[PDB]
Trainee: 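Starting off with a structure, shown below.
Residue numbering restarts at 1 for every chain, and letters A, B, ... go by the order of the sequence lines.
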Amino acid sequence: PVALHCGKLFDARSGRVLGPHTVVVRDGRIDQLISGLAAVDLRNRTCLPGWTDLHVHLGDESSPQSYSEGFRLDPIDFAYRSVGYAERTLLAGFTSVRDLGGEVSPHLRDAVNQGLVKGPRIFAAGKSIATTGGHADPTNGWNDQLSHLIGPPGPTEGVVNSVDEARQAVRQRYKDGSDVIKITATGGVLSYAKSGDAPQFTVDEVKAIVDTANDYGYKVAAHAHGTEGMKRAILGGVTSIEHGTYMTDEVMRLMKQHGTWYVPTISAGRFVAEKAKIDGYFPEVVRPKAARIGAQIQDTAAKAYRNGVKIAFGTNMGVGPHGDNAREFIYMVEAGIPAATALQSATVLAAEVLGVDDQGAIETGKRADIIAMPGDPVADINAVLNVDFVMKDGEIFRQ
Amino acid sequence: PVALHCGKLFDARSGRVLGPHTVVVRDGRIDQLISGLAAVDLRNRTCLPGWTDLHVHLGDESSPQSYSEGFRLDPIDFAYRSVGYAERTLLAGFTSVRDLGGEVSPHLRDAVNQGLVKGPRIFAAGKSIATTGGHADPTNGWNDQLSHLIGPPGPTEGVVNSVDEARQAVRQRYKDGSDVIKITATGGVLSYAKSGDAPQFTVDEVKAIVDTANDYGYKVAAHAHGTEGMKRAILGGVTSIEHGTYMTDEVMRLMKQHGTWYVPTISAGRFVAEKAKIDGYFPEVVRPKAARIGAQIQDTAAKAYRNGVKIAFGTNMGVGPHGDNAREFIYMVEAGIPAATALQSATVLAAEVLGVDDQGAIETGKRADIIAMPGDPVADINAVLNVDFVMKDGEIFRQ
Amino acid sequence: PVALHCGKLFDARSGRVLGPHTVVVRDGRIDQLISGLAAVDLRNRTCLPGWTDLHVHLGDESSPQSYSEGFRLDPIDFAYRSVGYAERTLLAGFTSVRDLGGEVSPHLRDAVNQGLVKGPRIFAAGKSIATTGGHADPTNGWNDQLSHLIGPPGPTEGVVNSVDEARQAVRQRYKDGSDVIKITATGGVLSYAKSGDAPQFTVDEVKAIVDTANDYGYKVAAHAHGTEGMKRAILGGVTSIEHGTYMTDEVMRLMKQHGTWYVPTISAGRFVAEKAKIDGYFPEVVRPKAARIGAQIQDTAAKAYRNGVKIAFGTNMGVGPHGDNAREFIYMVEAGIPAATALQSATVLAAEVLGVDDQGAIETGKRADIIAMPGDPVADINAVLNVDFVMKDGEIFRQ
Amino acid sequence: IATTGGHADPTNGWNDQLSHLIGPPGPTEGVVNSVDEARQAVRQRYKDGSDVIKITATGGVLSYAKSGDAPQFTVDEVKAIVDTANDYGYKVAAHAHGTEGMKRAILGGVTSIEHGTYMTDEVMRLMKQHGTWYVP
Ligand SMILES: C[C@@H]1Cc2c(Cl)cc(C(=O)N[C@@H](Cc3ccccc3)C(=O)O)c(O)c2C(=O)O1
Ligand SMILES: C[C@@H]1Cc2c(Cl)cc(C(=O)N[C@@H](Cc3ccccc3)C(=O)O)c(O)c2C(=O)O1
Ligand SMILES: C[C@@H]1Cc2c(Cl)cc(C(=O)N[C@@H](Cc3ccccc3)C(=O)O)c(O)c2C(=O)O1
Ligand SMILES: C[C@@H]1Cc2c(Cl)cc(C(=O)N[C@@H](Cc3ccccc3)C(=O)O)c(O)c2C(=O)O1
Ligand SMILES: [Zn+2]
Ligand SMILES: [Zn+2]
Ligand SMILES: [Zn+2]
Ligand SMILES: [Zn+2]
Ligand SMILES: [Zn+2]
Ligand SMILES: [Zn+2]
Ligand SMILES: [Zn+2]
């Protein structure tokens with residue numbers, strides 16, 4: 001039981017910064033909210049709900065050696081790095097995240113929930129689902145010896161080529177303890193493959209995946225760069241799109257008609273564009289794709305916001321360094337999105353995307369996830385980089 | 001050739017207790033029934049047809065170590081326990097049973113039929129059919145090493161994900177010598193999985209299973225806890241439902257329209273509810289499911305009987321201790337079902353569910369399966385716990 | 001606590017039948033022995049210690065279909081037969097046995113010790129150790145397809161070809177829970193191989209097996225028909241020889257010098273000799289060997305007894321029908337061995353062979369294993385076929 | 001490093017299905033039964049980045065096996081392990097409860113003994129003569 005005394009409170013639902021309030025926390029939930037027991041002196045700060053990042057990869061981080069480490073290291077080696085990744089993410093103000101790829105994240109989520117290590121609340125997708133040769137194919141770029149030794153991937157490994165295989169892949173993700181489903185509708189930038197935006201799913205396969213996920217209470221997030229794959233994913237019935245780099249007017253119209261969410265991930269685009277200029281950082285099959293695709297993300301976000309598409313917060317922090325997720329707010333504001341809208345996209349709209357109703361706002365009965373900063377983020381978005389108070393489930397991790 | 005002199009005889013077909021009769025048994029069948037050679041003095045007892053339990057698991061029994069014994073013991077070790085299980089079941093008055101899961105039961109049936117060991121007449125299902133990650137998936141809860149060593153289960157192992165796979169699974173059950181088919185339409189309580197009532201079969205897969213079973217002369221029994229899976233199983237065309245914990249008015253209407261049988265298994269619900277309170281008895285992933293689902297079985301049975309659904313006798317004695325199946329009668333009567341109806345549900349309606357016509361009543365030409373108790377079970381249902389005479393196929397096992 | 005009143009008591013250690021005595025049993029051991037509480041009336045019987053059979057195969061029985069059942073049945077099917085085998089063996093007066101081959105016997109021993117089924121105390125050897133193509137090779141007679149599918153047997157399967165392999169085979173028998181070691185030094189009669197008496201072990205391999213067994217507290221029993229293999233086994237340091245059909249004067253001299261035990265197993269020889277005359281009972285590769293070797297067992301036993309070799313009791317009841325082990329006494333007496341010596345060879349000398357000191361005689365502090373028969377076995381050996389009292393560990397199984 | 005069925009055998013207590021699926025352990029898995037296998041086991045420990053060698057000379061308490069103190073190594077196998085470790089700059093520590101296994105480990109040339117529960121006067125004399133360390 002603790003009472004927090006804030007000088008200003010950000011109303012996520014209304015998008016307005018109110019005056020002094022007092023928040024009483026008991027049993028890990030907000031019990032009372034008074035306008036006007038242990039106590040924490042925050043009267044010179046602005047209190048906001050904890051942020052949610054809807055696209056992270058906590059099991060990895062980009063580096064010059066990332067394309068040769070997979071053949072020499074084991075996942076146990078990556079867990080010890082994920083410890084620090086998760087701690088740095090939590091201490092920056094993000095009390096929950098949506099992990100969208102990797103087999104290390106479910107274990108990290110279990111460890112964090114058991115109290116073994118520090119971190120945010122993790123909604124883990126597990127192994128991503130692709131087609132043969134797709135962006136998430138685990139054996140892209142292997143030589144003949146290794147490929148023959150391991151054999152062709154199947155639904156158990158996340159590679160599907162028919163309706164029944166998609167059904168089995170979703171059921172296998174459920175069997176391994178996932179919270180959400182991720183598919184790669186088109187090609188990617190960082191994969192050891194040739195194409196970057198070609199359609200790699202059919203409409204029927206997407207429909208089968210979505211129906212199976214509906215049976216099991218899951219949501220589906222689709223990775224898409226090109227127009228045709230994005231169109232097929234939208235028609236299939238996915239919940240959100242991740243890298244709509246080549247969104248057109250027709251795609252935006254379909255998104256508005258169907259209510260699909262859009263998660264830009266501007267930070268990853270900027271990072272890959274910057275790293276493409278360095279010689280030898282990327283493999284020769286990856287550099288042209290990164291150079292071409294990383295320079296068309298901010299414009300797409302600005303156009304989508306202007307056209308009325310629903311936008312949510314996500315950074316793809318497995319590409320950039322973990323713990324610097326808060327610069328996506330600055331990028332979004334510089335892209336034309338108002339500061340209040342950008343802050344809402346990470347608190348309440350993020351909770352809508354996740355499908356939960358016990359977080360996202362400072363209201364009675366909700367989880368006590370509260371953060372604070374000295375400045376006013378609405379007046380100046382640059383204040384999001386100085387977070388000095390973090391609370392998650394009623395436990396204070398930073399003061 | 002023996003003549004039995006009973007003081008009272010229970011007419012299963014009419015549900016009434018008649019007066020003194022004489023039963024003459026020759027060649028293992030009832031030859032004559034006289035109202036008014038070796039002889040057995042039963043003139044101070046009530047003679048009834050042998051009981052049938054439509055849901056047992058003779059190859060296993062619940063215990064505190066049941067979740068770690070599967071990795072250290074072999075089926076040969078379980079057979080030596082099944083010997084005593086079957087003997088105790090037979091001596092309690094149950095001359096036939098329907099085994100609904102486990103690969104040890106066909107062998108026990110063969111041994112009992114050859115006269116090697118004592119037991120009831122067994123209609124064995126063999127391996128139960130599920131989907132990937134389903135309630136009957138044999139590899140739920142295994143770590144990565146064992147899962148990779150054994151590989152993903154297929155139709156040969158009872159795991160199906162399409163119409164053709166369901167066809168092959170039914171044919172493989174036929175190849176291994178089954179008498180009936182069992183599928184798990186929803187999640188369960190005692191499996192090492194997350195869900196307990198979500199739908200795990202599609203209507204088309206159920207239809208394929210039922211059609212294939214029809215080609216081979218089989219009946220299909222469906223395990224179902226949730227509403228949607230139960231609805232899909234009923235629409236597919238199964239013969240009976242096993243744990244309709246969350247039956248609603250629409251489900252009952254469909255059951256009445258289609259003529260589906262309902263087997264409550266109240267004993268297992270009570271047992272799991274009682275054991276959930278003990279700390280450490282169940283794994284942490286099983287305890288909440290048991291606590292939530294075991295407390296809503298008697299009410300469902302009472303509602304189903306009130307609404308006119310057809311009810312048959314079954315206990316799920318693999319959960320509770322074998323040889324105490326007769327307490328299901330007391331539970332049924334305490335649930336509002338009349339004693340005569342409860343006794344009929346185990347003799348004639350059970351024979352209807354099984355699909356046979358040579359047992360279930362004391363009539364000329366039928367199998368000589370006769371039991372007797374000192375009291376009158378109709379007047380007092382508690383008399384079913386004192387069975388002192390058992391005869392099966394004309395052979396006396398208890399006097 | 002029970003008191004037994006016998007009219008005559010057989011002193012195993014002295015080999016004499018004494019007069020009336022009273023035996024008091026408490027906690028499963030003999031507490032008092034009085035010459036002159038519950039009570040059992042045995043005053044018209046002769047009480048002897050429970051018998052021990054040093055060569056049985058409780059997991060199998062010879063029959064016309066025994067050479068095609070291994071490809072269609074599973075060990076679980078053989079366990080249900082072993083139940084009756086063990087019960088019949090125990091009820092005939094044999095309270096302990098030494099099982100010398102088969103993987104079903106350790107499980108039967110565990111089940112009997114846990115009280116699940118009735119039977120004698122079992123000292124199980126497990127898988128027998130042989131060389132490639134030897135008498136105990138599990139893949140003798142298989143076609144090319146099956147042989148290629150299963151691969152060549154190694155030390156894990158009981159087939160050894162060097163010193164290190166013998167060491168590993170003994171350690172693997174220890175790992176699987178054995179009580180004694182068995183090796184086949186020569187060829188056999190009932191195996192699907194060509195030879196019947198050729199040497200199949202070298203002296204060094206036998207020495208390695210014996211040394212490894214000594215490290216683990218085991219005894220070694222050797223199957224041997226021919227002279228050279230028997231000589232090699234004796235020189236290696238085994239504890240007993242099983243079928244010394246072709247024993248010579250030099251072999252007997254070595255046996256006397258080293259103190260090796262001899263177990264004739266006359267019953268199996270007579271059985272195979274009788275069955276060889278039936279057409280089609282044995283495969284054509286087995287019939288000549290059986291006909292030639294089964295007719296030279298009684299003479300060998302008589303010669304060995306005349307020459308002063310130490311003789312112990314064993315029948316090989318896996319060949320003959322289980323539960324008729326007591327005819328070996330009649331055969332031994334008809335072979336020239338005195339009745340008292342024959343009875344001693346099954347009570348005290350058998351305990352010496354086993355390596356235990358808590359059984360074999362009716363003495364204070366020993367296990368309460370007592371049997372009784374109406375007649376006097378010393379005066380008439382034919383009285384051993386009428387055993388009406390059996391007690392094991394203080395529990396009465398027959399009265 | 002252990003022998004078949006030894007205290008450190010990774011497959012002790014498994015049923016037939018799992019044992020058949022994984023197969024019998026060899027030197028790569030740390031189970032040795034001869035001199036050459038011990039050599040290969042030490043080299044495989046070096047290949048996987050070890051700093052010291054551990055062997056189980058006798059049975060243990062917490063393993064899913066029957067015995068607790070019986071000797072599970074021969075003197076020659078211990079000697080081979082120690083020689084191979086000497087070639088690679090390693091030390092050898094021996095787990096031992098019973099007297100005979102402890103004696104064999106000391107004679108083989110190990111550096112320390114871990115659970116000398118049943119140490120006798122002769123074992124202590126050998127330890128003093130050879131300079132072996134004792135870790136209670
Ligand atoms: C293990 C982990 C999994 C993973 C997966 Cl499944 C997918 C991506 C991914 O699709 N990234 C984007 C990165 C990107 C590049 C440019 C513009 C926007 C985003 C891409 O390749 O198109 C991705 O970047 C990662 C990743 O960071 O590594
Ligand atoms: C080997 C054997 C096979 C087996 C199978 Cl296939 C299924 C069940 C089973 O579905 N039991 C029910 C037990 C139960 C629990 C609560 C209320 C009613 C019934 C369940 O888990 O929902 C089940 O209990 C068993 C069992 O007893 O072990
Ligand atoms: C499974 C079981 C194991 C077994 C083993 Cl390991 C060995 C024998 C065996 O060696 N029997 C003897 C039978 C025999 C035949 C003639 C004279 C004496 C004995 C033989 O074949 O020479 C043997 O008969 C048996 C047996 O009965 O089946
Ligand atoms: C994974 C890890 C490895 C391990 C190994 Cl390799 C060996 C032991 C071990 O030998 N422990 C001793 C524990 C013990 C017991 C009684 C007296 C002293 C010590 C034993 O079992 O005899 C041991 O305890 C452990 C252990 O703690 O688990
Ligand atoms: Zn992506
Ligand atoms: Zn991504
Ligand atoms: Zn069920
Ligand atoms: Zn069941
Ligand atoms: Zn033999
Ligand atoms: Zn034998
Ligand atoms: Zn240790």
Trainee: Find the distance between CD (A:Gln172) and OG1 (B:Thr131) and round it off to the nearest 0.5 Å.
Mentor: 11.5 Å
Trainee: Taking all atoms of both residues into account, what is the closest heavy-atom pair of B:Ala193 and A:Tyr174, and its distance?
Mentor: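 Here B:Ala193 and A:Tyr174 meet closest at CB-OH, 4.1 Å.
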Trainee: For atom CZ of A:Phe397, decide whether the heavy atoms of other residues, nucleotides or ligands shown that lie under 6.0 angstrom number more than 12.
Mentor: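 More than 12 within 6.0 Å, yes.
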Trainee: Test side chain to side chain contact (heavy atoms under 4.5 Å, CB included) on B:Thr139 and A:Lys175; report intermediate values, then the result.
Mentor: CA-CA 10 Å; B:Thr139 291; A:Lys175 178 183 195 175; 3.9 Å; yes
Trainee: Is the count of non-hydrogen atoms from other residues, nucleotides or ligands lying under 6.0 Å from A:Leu149 atom CG greater than 12?
Mentor: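 Yes, because the 6.0 Å sphere around CG of A:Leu149 holds more than 12 heavy atoms from other groups.
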Trainee: Look up atom CG in B:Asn161 and atom CD in A:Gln168, then write down how far apart they are to the nearest 0.5 Å.
Mentor: 4.5 Å
Trainee: With a sphere of 6.0 Å drawn around NE2 of B:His148, does it hold more than 12 non-hydrogen atoms of other residues, nucleotides or ligands?
Mentor: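 No.
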Trainee: How far apart are the C-alpha atoms of B:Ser195 and A:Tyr216, what are their side-chain angles, what is the distance that settles it, and do they pass the side chain to side chain contact (heavy atoms under 4.5 Å, CB included) test?
Mentor: CA-CA 9 Å; B:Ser195 160; A:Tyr216 285 81; over 6 Å; no
Trainee: Select one option (side chain, backbone, both, neither) describing which atoms of B:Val285 are under 4.5 Å from chain A's heavy atoms.
Mentor: neither
Trainee: Do you know the tightest heavy-atom contact between A:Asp215 and B:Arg232?
Mentor: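 What the structure gives for the nearest pair is OD1-NH2, 2.9 Å.
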Trainee: Using a heavy-atom distance cut-off of less than 4.5 Å, which residues of residues 181-190 of chain B contact chain A?
Mentor: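 Near chain A, by residue number: none.
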Trainee: Before accepting this row, confirm whether a basic side-chain N of the pair A:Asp176/B:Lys194 lies closer than 4.0 Å to the acidic partner's carboxylate O.
Mentor: no
Trainee: Need one label for B:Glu228: side chain, backbone, both or neither, based on atoms under 4.5 Å from any heavy atom in chain A.
Mentor: neither
Trainee: Report the option among B:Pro152, B:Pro199, B:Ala198 that has the most heavy-atom pairs separated by less than 4.5 Å from atoms of chain A.
Mentor: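 Looking at each option in turn, the highest pair count goes to B:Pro199.
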Trainee: Surrounding CG of B:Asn143 (heavy atoms of other residues, nucleotides or ligands, distance under 6.0 Å), is the total greater than 12?
Mentor: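 Buried by this count: over 12 neighbours within 6.0 Å.
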Trainee: So which part of B:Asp164 gets closer than 4.5 Å to some heavy atom of chain A, the side chain, the backbone, both or neither?
Mentor: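 B:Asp164 has no heavy atom closer than 4.5 Å to chain A.
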Trainee: Taking atom NZ of A:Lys366 as the centre, report whether more than 12 heavy atoms of other residues, nucleotides or ligands fall under 6.0 Å from it.
Mentor: yes
Trainee: I'd like to know if B:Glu165 pairs up with A:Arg167 as an ion pair, taking the criterion as any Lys NZ or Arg NE/NH1/NH2 lying under 4.0 Å from an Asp or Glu carboxylate oxygen.
Mentor: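 No, B:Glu165 and A:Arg167 are not salt-bridged.
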